[PDB]
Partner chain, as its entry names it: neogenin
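Taking the form solved without its partner chain, here's one chain by itself in structure tokens.
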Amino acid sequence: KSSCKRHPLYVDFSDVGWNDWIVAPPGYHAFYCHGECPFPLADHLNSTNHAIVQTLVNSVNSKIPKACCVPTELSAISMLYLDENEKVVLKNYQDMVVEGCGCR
């Protein structure tokens, strides 16, 4: 059973059928987070006091879930999409790309 880390994911807008409202780009690397949050949580997993405390509670009381591997740093990407009015606008989309993961 492998540990919480970042993984590749390329989102292709034509494959999910958004190529009709997103003029650019054609897709992007979004990545994703997945993997076990064991005990102890090692330095590179950027846990929080709470996730750490709850990983301990988990092992006495399994009815309490383990912390979860999620994105801990995200970044933006600009896109060109459609208007209600049929007009392309350009907007910077926040938190689109996973830059790092952690057990939270």
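For clarity, a rigid core is taken as the largest C-alpha set superposing within 1.5 Å between two forms. Residue numbers count along the first chain shown, from 1.
Absent from the display: the form solved in complex with its partner chain. The rest refers to it.
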* Let me know which residues along 43 to 67 have a heavy atom within 4.5 Å of its partner chain in the bound PDB entry, or say none if there are none. => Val60, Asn61
* Asked: Rigid core as reference, CA moved 2 Å or more between the shown form and the other one - which of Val11, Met96, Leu82, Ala24?
  -> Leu82
* Determine whether the C-alpha of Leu45 shifts by 2 Å or more between the shown form and the other one once the rigid core is superposed. => yes
* Quick one: in the bound PDB entry, is the Cα gap between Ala42 and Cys69 smaller or bigger than here? Answer closer or farther; it shifts by 3 Å or more. => closer
* Comparison of CA distance in the bound PDB entry with shown form for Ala42, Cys37, at least 3 Å -> closer
